[PDB]
Amino acid sequence: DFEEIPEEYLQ
Amino acid sequence: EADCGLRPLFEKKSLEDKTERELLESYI
Amino acid sequence: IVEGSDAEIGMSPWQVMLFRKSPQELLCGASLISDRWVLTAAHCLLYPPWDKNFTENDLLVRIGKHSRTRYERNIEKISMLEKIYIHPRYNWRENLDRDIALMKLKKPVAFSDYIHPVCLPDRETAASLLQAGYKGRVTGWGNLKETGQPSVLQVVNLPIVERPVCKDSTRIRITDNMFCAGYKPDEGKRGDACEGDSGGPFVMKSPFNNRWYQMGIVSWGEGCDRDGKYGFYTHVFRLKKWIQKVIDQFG
Ligand SMILES: CC(C)[C@@H](NS(=O)(=O)Cc1ccccc1)C(=O)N1CCC[C@H]1C(=O)NCc1ccc(C(=N)N)cc1
Ligand SMILES: CC(C)[C@@H](NS(=O)(=O)Cc1ccccc1)C(=O)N1CCC[C@H]1C(=O)NCc1ccc(C(=N)N)cc1
Ligand SMILES: *[C@@H]1O[C@H](CO)[C@@H](O)[C@H](O)[C@H]1NC(C)=O
Ligand code: NA
Ligand code: NA
């Protein structure tokens with residue numbers, strides 16, 4: 001149920 | 001560091017939050 | 001947080017969310033103590049009985065948050081971890097003695113109205129404030145009940161409890177590196193930290209200098225908000241020499 005976070009933080 | 005523990009939206013502008021007084025009242 | 005209330009905006013600007021990358025979920029609370037250092041509970045990162053052993057690349061730190069689940073565009077900031085440091089005498093085998101860990105961020109976080117560090121106590125402030133009956137404040141996005149989850153950060157104020165009462169409430173061996181807090185059955189009021197609040201701060205506002213100090217870290221409890229049970233917190237001051245050693249060496 002968490003909103004997706006900008007992919008820049010997942011790289 | 002030197003500014004630790006002083007909240008921008010509270011202490012910094014001399015506003016109190018809704019329950020901090022409860023803490024103060026316990027400190028006898 | 002059980003039997004608490006919604007935090008005000010900017011009420012706890014040192015509050016940190018430890019966030020698992022995959023699956024994306026809340027891992028724990030934590031606190032901001034400088035522009036590069038975050039304090040949390042060791043059990044948030046390492047707890048072998050439950051097969052928990054997170055590495056730096058598994059997690060993110062989300063700072064400046066209010067909503068639990070939203071991506072708070074233009075408000076929250078997300079930081080990557082450079083290194084985790086767990087207390088070398090953290091006792092996960094027995095009773096979570098020395099339940100404390102530090103996390104160094106890859107890059108400094110910018111302070112704002114919503115992001116600001118808490119103070120760590122000196123010996124004198126600890127002696128003055130860590131007394132039975134004196135109230136502190138716990139915040140977090142953890143469970144609303146023992147057995148659901150809040151829309152926004154929750155807050156509750158709770159009194160420190162006399163050591164003998166803490167000890168007599170449990171069969172677990174309590175150490176000087178822990179304190180407990182919460183209301184007694186006969187006090188009427190209630191409230192507690194719970195699962196998910198782990199690693200978050202127990203803070204007190206000094207009446208001497210009007211600054212907030214982090215006296216405890218949410219560590220453990222038998223269920224949540226049970227009559228006759230109390231929440232247990234890592235005693236931050238007792239472990240401050242370790243904190244300073246880590247920051248001095250690696251900071
Ligand atoms: C098996 C033994 C190592 C011990 N495990 S324990 O309590 O989970 C160890 C522990 C972990 C974290 C913080 C404090 C203490 C345990 O179960 N004890 C040690 C003292 C007596 C008994 C007990 O009743 N503990 C309280 C307790 C245990 C389990 C739960 C649960 N619902 N999982 C709750 C309370
Ligand atoms: C004491 C030990 C037996 C254990 N108790 S417990 O009942 O399983 C904790 C728990 C787990 C899930 C849902 C509610 C409560 C415990 O607290 N542990 C086992 C290992 C880690 C630590 C923990 O879960 N800490 C999170 C926590 C939970 C409750 C409180 C509280 N103040 N009530 C605080 C921290
Ligand atoms: C936890 O992970 C580290 C690194 O992968 C590993 O070296 C260690 O043995 C693991 N178990 C611990 C610290 O108990
Ligand atoms: Na006991
Ligand atoms: Na209780």
# chains A, B, ... in the order shown; residues from 1 in each chain; ligands from 1

call {"tool": "residues_near_ligand", "arguments": {"ligand": "ligand 1", "cutoff": "10 Å", "atoms": "only C-alpha atoms and all ligand atoms", "output": "number ranges by chain"}}
result
C: 43, 47, 49, 91-97, 99, 170-174, 219-223, 232

call {"tool": "interface_residues", "arguments": {"of": "chain C", "to": "chain B", "cutoff": "9 Å", "atoms": "only C-alpha atoms", "output": "number ranges by chain"}}
result
C: 8-14, 33-35, 112-120, 129, 131, 133-137, 157-159, 204-207, 210-214

call {"tool": "write_last_selection", "arguments": {"atoms": "N, CA and C atoms", "output": "short mmCIF file (atom, residue, chain, number, x, y, z; two decimals), in the first residue's frame"}}
result
data_model
loop_
_atom_site.label_atom_id
_atom_site.label_comp_id
_atom_site.auth_asym_id
_atom_site.auth_seq_id
_atom_site.Cartn_x
_atom_site.Cartn_y
_atom_site.Cartn_z
N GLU C 8 1.38 16.66 14.75
CA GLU C 8 1.29 17.92 14.02
C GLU C 8 2.39 17.99 12.95
N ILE C 9 2.17 18.79 11.92
CA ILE C 9 3.18 18.99 10.89
C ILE C 9 4.45 19.57 11.53
N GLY C 10 5.59 18.95 11.24
CA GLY C 10 6.86 19.40 11.78
C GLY C 10 7.06 19.19 13.27
N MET C 11 6.21 18.37 13.88
CA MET C 11 6.28 18.13 15.32
C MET C 11 7.52 17.32 15.73
N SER C 12 7.96 16.46 14.82
CA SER C 12 9.06 15.54 15.08
C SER C 12 9.99 15.50 13.87
N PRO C 13 10.70 16.61 13.60
CA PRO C 13 11.41 16.75 12.32
C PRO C 13 12.67 15.89 12.26
N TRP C 14 13.00 15.24 13.37
CA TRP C 14 14.09 14.26 13.42
C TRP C 14 13.60 12.83 13.12
N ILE C 33 20.31 12.57 13.83
CA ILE C 33 21.14 13.20 14.86
C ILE C 33 22.19 14.18 14.32
N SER C 34 22.38 14.20 13.00
CA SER C 34 23.21 15.20 12.33
C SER C 34 22.87 15.13 10.86
N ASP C 35 23.56 15.89 10.02
CA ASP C 35 23.23 15.87 8.60
C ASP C 35 23.65 14.57 7.91
N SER C 112 15.39 21.48 6.73
CA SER C 112 14.25 22.25 6.25
C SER C 112 13.27 22.40 7.40
N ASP C 113 12.09 22.96 7.13
CA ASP C 113 11.06 23.04 8.16
C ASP C 113 10.67 21.66 8.69
N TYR C 114 10.89 20.62 7.88
CA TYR C 114 10.40 19.27 8.17
C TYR C 114 11.51 18.30 8.55
N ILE C 115 12.76 18.76 8.45
CA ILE C 115 13.94 17.92 8.62
C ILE C 115 14.94 18.65 9.50
N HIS C 116 15.18 18.13 10.70
CA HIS C 116 16.04 18.81 11.66
C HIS C 116 16.48 17.80 12.71
N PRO C 117 17.75 17.87 13.13
CA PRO C 117 18.24 16.86 14.09
C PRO C 117 17.81 17.08 15.54
N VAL C 118 17.68 15.97 16.26
CA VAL C 118 17.42 15.98 17.69
C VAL C 118 18.77 16.02 18.42
N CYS C 119 18.78 16.53 19.65
CA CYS C 119 19.99 16.48 20.46
C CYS C 119 20.15 15.14 21.14
N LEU C 120 21.40 14.77 21.41
CA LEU C 120 21.67 13.64 22.29
C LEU C 120 22.02 14.18 23.66
N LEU C 129 16.59 14.51 33.76
CA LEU C 129 15.33 14.20 33.10
C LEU C 129 14.86 12.75 33.21
N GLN C 131 13.84 10.42 35.18
CA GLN C 131 13.32 10.17 36.51
C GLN C 131 11.91 9.63 36.43
N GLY C 133 8.16 9.10 36.56
CA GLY C 133 7.07 10.06 36.53
C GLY C 133 7.24 11.15 35.49
N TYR C 134 8.48 11.46 35.13
CA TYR C 134 8.73 12.44 34.09
C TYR C 134 8.30 11.84 32.76
N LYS C 135 7.61 12.62 31.94
CA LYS C 135 7.09 12.11 30.68
C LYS C 135 8.00 12.42 29.49
N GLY C 136 8.10 11.45 28.60
CA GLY C 136 8.71 11.66 27.30
C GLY C 136 7.69 11.38 26.21
N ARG C 137 8.16 11.43 24.97
CA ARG C 137 7.27 11.37 23.83
C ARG C 137 7.82 10.37 22.82
N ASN C 157 2.58 10.64 24.59
CA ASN C 157 3.42 11.02 25.71
C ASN C 157 3.24 9.99 26.82
N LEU C 158 4.34 9.55 27.42
CA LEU C 158 4.29 8.46 28.41
C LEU C 158 5.28 8.72 29.54
N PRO C 159 4.88 8.37 30.77
CA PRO C 159 5.77 8.57 31.92
C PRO C 159 6.81 7.47 32.08
N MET C 204 12.51 13.98 25.11
CA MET C 204 12.07 14.82 26.23
C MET C 204 12.47 16.25 25.94
N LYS C 205 11.63 17.21 26.32
CA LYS C 205 11.96 18.61 26.08
C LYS C 205 12.56 19.20 27.35
N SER C 206 13.84 19.55 27.30
CA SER C 206 14.49 20.09 28.49
C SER C 206 13.84 21.39 28.93
N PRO C 207 13.47 21.49 30.22
CA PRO C 207 12.91 22.76 30.70
C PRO C 207 14.00 23.79 31.00
N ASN C 210 15.01 24.39 26.67
CA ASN C 210 13.93 24.29 25.69
C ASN C 210 14.29 23.51 24.42
N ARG C 211 15.28 22.64 24.52
CA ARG C 211 15.64 21.76 23.41
C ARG C 211 15.14 20.34 23.63
N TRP C 212 14.82 19.67 22.53
CA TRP C 212 14.47 18.25 22.58
C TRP C 212 15.69 17.34 22.55
N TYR C 213 15.69 16.38 23.47
CA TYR C 213 16.74 15.39 23.62
C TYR C 213 16.19 13.99 23.42
N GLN C 214 16.93 13.16 22.70
CA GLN C 214 16.53 11.76 22.54
C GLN C 214 17.10 10.94 23.69
#

call {"tool": "interface_residues", "arguments": {"of": "chain A", "to": "chain C", "cutoff": "7 Å", "atoms": "only C-alpha atoms", "output": "list in words"}}
result
residues 1, 2, 3, 4 and 5 of chain A

call {"tool": "residues_around", "arguments": {"residues": "residue 143 of chain C", "least_positions_apart": "6", "cutoff": "6 Å", "atoms": "only C-alpha atoms", "output": "list in words"}}
result
residues 1, 149, 194 and 195 of chain C

call {"tool": "residues_near_ligand", "arguments": {"ligand": "ligand 5", "cutoff": "8 Å", "atoms": "only C-alpha atoms and all ligand atoms", "output": "number ranges by chain"}}
result
C: 182-185, 190-192, 224-231

call {"tool": "residues_near_ligand", "arguments": {"ligand": "ligand 3", "cutoff": "12 Å", "atoms": "only C-alpha atoms and all ligand atoms", "output": "list in words"}}
result
residues 42, 43, 45, 46, 47, 48, 49, 50, 51, 52, 53, 54, 55, 56, 57, 58, 83, 84, 85, 86, 87, 88, 89, 90, 91, 92 and 93 of chain C

call {"tool": "write_last_selection", "arguments": {"atoms": "N, CA, C and O atoms", "output": "short mmCIF file (atom, residue, chain, number, x, y, z; two decimals), in the first residue's frame"}}
result
data_model
loop_
_atom_site.label_atom_id
_atom_site.label_comp_id
_atom_site.auth_asym_id
_atom_site.auth_seq_id
_atom_site.Cartn_x
_atom_site.Cartn_y
_atom_site.Cartn_z
N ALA C 42 19.35 -1.70 17.04
CA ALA C 42 20.06 -2.80 16.39
C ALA C 42 19.11 -3.88 15.86
O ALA C 42 19.35 -4.43 14.78
N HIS C 43 18.02 -4.16 16.58
CA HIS C 43 17.14 -5.25 16.15
C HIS C 43 16.41 -4.92 14.85
O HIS C 43 15.86 -5.81 14.21
N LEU C 45 17.96 -4.02 12.27
CA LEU C 45 18.89 -4.44 11.23
C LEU C 45 19.36 -5.88 11.40
O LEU C 45 19.64 -6.56 10.41
N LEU C 46 19.44 -6.33 12.64
CA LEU C 46 20.01 -7.63 12.93
C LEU C 46 19.22 -8.34 14.02
O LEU C 46 19.23 -7.91 15.17
N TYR C 47 18.54 -9.42 13.65
CA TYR C 47 17.84 -10.25 14.63
C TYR C 47 17.76 -11.69 14.11
O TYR C 47 16.77 -12.10 13.50
N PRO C 48 18.83 -12.45 14.34
CA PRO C 48 18.95 -13.81 13.80
C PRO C 48 17.80 -14.77 14.12
O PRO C 48 17.50 -15.62 13.28
N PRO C 49 17.16 -14.66 15.30
CA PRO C 49 16.07 -15.61 15.54
C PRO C 49 14.93 -15.50 14.53
O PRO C 49 14.21 -16.48 14.33
N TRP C 50 14.78 -14.33 13.91
CA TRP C 50 13.76 -14.11 12.89
C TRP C 50 14.37 -13.99 11.50
O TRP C 50 13.72 -13.50 10.58
N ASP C 51 15.61 -14.44 11.35
CA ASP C 51 16.29 -14.44 10.05
C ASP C 51 16.43 -13.03 9.48
O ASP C 51 16.39 -12.83 8.27
N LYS C 52 16.61 -12.05 10.37
CA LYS C 52 16.78 -10.67 9.94
C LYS C 52 18.24 -10.26 9.97
O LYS C 52 18.90 -10.31 11.02
N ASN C 53 18.75 -9.83 8.82
CA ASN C 53 20.11 -9.34 8.71
C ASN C 53 20.23 -8.48 7.51
O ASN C 53 20.64 -8.93 6.44
N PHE C 54 19.86 -7.21 7.66
CA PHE C 54 19.87 -6.28 6.54
C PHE C 54 21.24 -5.68 6.29
O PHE C 54 21.99 -5.40 7.22
N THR C 55 21.55 -5.48 5.01
CA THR C 55 22.78 -4.82 4.62
C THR C 55 22.43 -3.42 4.13
O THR C 55 21.26 -3.11 3.92
N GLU C 56 23.44 -2.57 3.95
CA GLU C 56 23.23 -1.19 3.51
C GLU C 56 22.36 -1.07 2.26
O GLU C 56 21.50 -0.19 2.18
N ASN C 57 22.58 -1.94 1.28
CA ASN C 57 21.90 -1.82 0.00
C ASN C 57 20.44 -2.28 0.01
O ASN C 57 19.72 -2.11 -0.97
N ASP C 58 20.02 -2.85 1.13
CA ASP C 58 18.65 -3.34 1.26
C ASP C 58 17.65 -2.24 1.59
O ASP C 58 16.45 -2.43 1.42
N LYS C 83 27.03 3.13 5.40
CA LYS C 83 27.49 2.08 6.30
C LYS C 83 26.61 1.98 7.53
O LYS C 83 26.15 2.99 8.06
N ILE C 84 26.40 0.75 7.98
CA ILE C 84 25.71 0.44 9.23
C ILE C 84 26.72 0.05 10.31
O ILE C 84 27.67 -0.68 10.03
N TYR C 85 26.51 0.55 11.52
CA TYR C 85 27.33 0.18 12.68
C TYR C 85 26.43 -0.31 13.80
O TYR C 85 25.60 0.43 14.31
N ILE C 86 26.59 -1.56 14.19
CA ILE C 86 25.79 -2.14 15.26
C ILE C 86 26.66 -2.24 16.50
O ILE C 86 27.85 -2.55 16.42
N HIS C 87 26.09 -1.97 17.67
CA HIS C 87 26.89 -2.07 18.89
C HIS C 87 27.51 -3.46 18.98
O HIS C 87 26.81 -4.46 18.80
N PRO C 88 28.82 -3.53 19.27
CA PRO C 88 29.50 -4.83 19.28
C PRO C 88 29.04 -5.75 20.41
O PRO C 88 29.29 -6.94 20.34
N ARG C 89 28.39 -5.20 21.43
CA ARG C 89 27.87 -6.02 22.53
C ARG C 89 26.34 -6.06 22.55
O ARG C 89 25.74 -6.37 23.57
N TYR C 90 25.72 -5.74 21.43
CA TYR C 90 24.28 -5.94 21.25
C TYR C 90 23.92 -7.41 21.54
O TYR C 90 24.44 -8.33 20.92
N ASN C 91 23.03 -7.61 22.51
CA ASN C 91 22.68 -8.95 22.96
C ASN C 91 21.35 -9.42 22.38
O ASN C 91 20.32 -9.35 23.04
N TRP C 92 21.38 -9.88 21.14
CA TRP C 92 20.17 -10.39 20.50
C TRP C 92 19.81 -11.79 20.99
O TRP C 92 18.70 -12.26 20.76
N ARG C 93 20.74 -12.45 21.66
CA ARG C 93 20.48 -13.81 22.12
C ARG C 93 19.53 -13.86 23.30
O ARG C 93 18.72 -14.79 23.41
#

call {"tool": "atom_distance", "arguments": {"atom1": "atom CA of residue 82 of chain C", "atom2": "atom CA of residue 17 of chain C"}}
result
16.3 Å

call {"tool": "select_by_dssp", "arguments": {"residues": "segment 39-165 of chain C", "states": "alpha helix (DSSP H)", "output": "ChimeraX atom specification"}}
result
/C:123-129,163-165

call {"tool": "atom_distance", "arguments": {"atom1": "atom 25 (N, counted along the ligand's line) of ligand 2", "atom2": "atom CA of residue 156 of chain C"}}
result
17.2 Å

call {"tool": "atom_distance", "arguments": {"atom1": "atom CA of residue 138 of chain C", "atom2": "atom CA of residue 193 of chain C"}}
result
7.0 Å
